[PDB]
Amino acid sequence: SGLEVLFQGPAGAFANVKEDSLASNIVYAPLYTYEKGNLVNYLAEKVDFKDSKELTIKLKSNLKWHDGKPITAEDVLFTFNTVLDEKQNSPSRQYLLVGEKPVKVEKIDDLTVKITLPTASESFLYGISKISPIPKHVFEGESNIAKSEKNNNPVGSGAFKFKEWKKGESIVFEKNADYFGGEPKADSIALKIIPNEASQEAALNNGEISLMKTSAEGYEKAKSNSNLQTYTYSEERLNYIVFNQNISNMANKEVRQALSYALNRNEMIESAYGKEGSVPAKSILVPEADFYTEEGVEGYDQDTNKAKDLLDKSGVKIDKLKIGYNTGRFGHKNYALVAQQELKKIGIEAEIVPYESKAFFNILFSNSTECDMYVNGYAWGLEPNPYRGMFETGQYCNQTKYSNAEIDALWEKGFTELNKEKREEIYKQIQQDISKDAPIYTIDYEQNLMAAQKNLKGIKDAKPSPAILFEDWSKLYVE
């Protein structure tokens, strides 16, 4: 009665469990999780957000770290303080800022902490959900919580504790006898590394692994197999092409609109997913995000005639473009090749430029004119505010120079608007008005293609989730 999961990622992600979002969420429980305004408590007993300004969080009593130490407000205060500490360079630090000013965090009592926002925003609750407590008694000494020796035997709060490891092969977690919730339904989780992909498929067909993410090929295969079950879930990620408005031709709205009419997200999707396909995207927000809508959102549905007619009307003349992509990302090579085939049909010779992942982001987040167009993906979360990173004038993640002062103003308005229904109208307007500017060609909301044994139960209850794979591993079991 143990789960075995194909682990796809860094060989030494297991060497530092806190460094890997999948293993981290097995070992470290959140305070709460967030979905469409709704909170589910894990370590928290009570979460109260008063006046969009003061977040009070009380822990359940009798919580233990995996080493027996109590979980108290000291651990929660320590965790937020560590994230706020700029010397720690926490990626979660954005979630404890309001504008560029930090929130204040204080101990209220033994189990309770209060966060006070410098200015009130409804944008706050989702971000705090992404910070899971770490133990003060383990990490208080440490100049670098991320790359600390103290991560070696990880001391967690979660439904499973570290049991044993085997460098770049295996890591096993045993059910936590002391878990605060209902006794986990599986005795252990093994993450197994199997680089050989036929072995991956054999391991799945042979029942040596409970679950894997698969190719478009592998998904269709698994569907024909009487023993396996299949499912897909959102990565909560938008794949798109950004127009590099450092280049005068791309800075031209009519040209961007035209090239959008020449492209086809449905052909790109098929190239990457086969006939299973994906979820075609028109909006800058993912479907799972607060205030997502496609209503009045322009998608530039392919129309080669209208493309050439716009290109002609713009006065601009293009016979050559460059499209860059990250060789390290699913689907992006395919999206580039298809973009090329579709551009030739309106008289444009698009060169494809592969980039390794580090070089890619270094060129994307620059004012470089190397490529006219970059294929990219983002995952900004369920609150729409930080999406402004790709669209608001002057943003680091918008050195591709999309500028609309009116939409810039809407972003800020949405951030300060405390009324939920008003927020919804503002983000609706942002999704509509951005689509009218075609700063990007939106391709799909990326979907994960999963195969498991017919006898893996509790999948729905475990809640398939981006990067962590499941929200609650305690719900999974083999029949």
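Position 1 is the first residue in the sequence shown; the rest follow in order.
Averaged over Cα atoms, the B-factor as recorded in the entry is higher for 16-24 than for the other of 16-24 and 464-472. For the pair 310-318 and 393-401, the mean B factor over Cα atoms is greater in 310-318. Per the PDB entry, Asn196 shows the highest C-alpha temperature factor of the residues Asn385, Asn196, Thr293, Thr79. Of the candidates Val375, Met268, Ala222, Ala281, it is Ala222 whose Cα B-factor is highest according to the PDB record.
Among all modelled residues in its chain, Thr442 ranks in the lowest third by Cα B-factor. In this PDB entry, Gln341 carries a Cα temperature factor that places it within the highest third of its chain's modelled residues. Annotation for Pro135: CA B-factor lies in the lowest third of the chain's modelled residues. Sort the modelled residues of the chain by CA B factor and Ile145 lands in the highest third. Among the modelled residues of its chain, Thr327 has a C-alpha B-factor that falls in the highest third, as given in the PDB entry.
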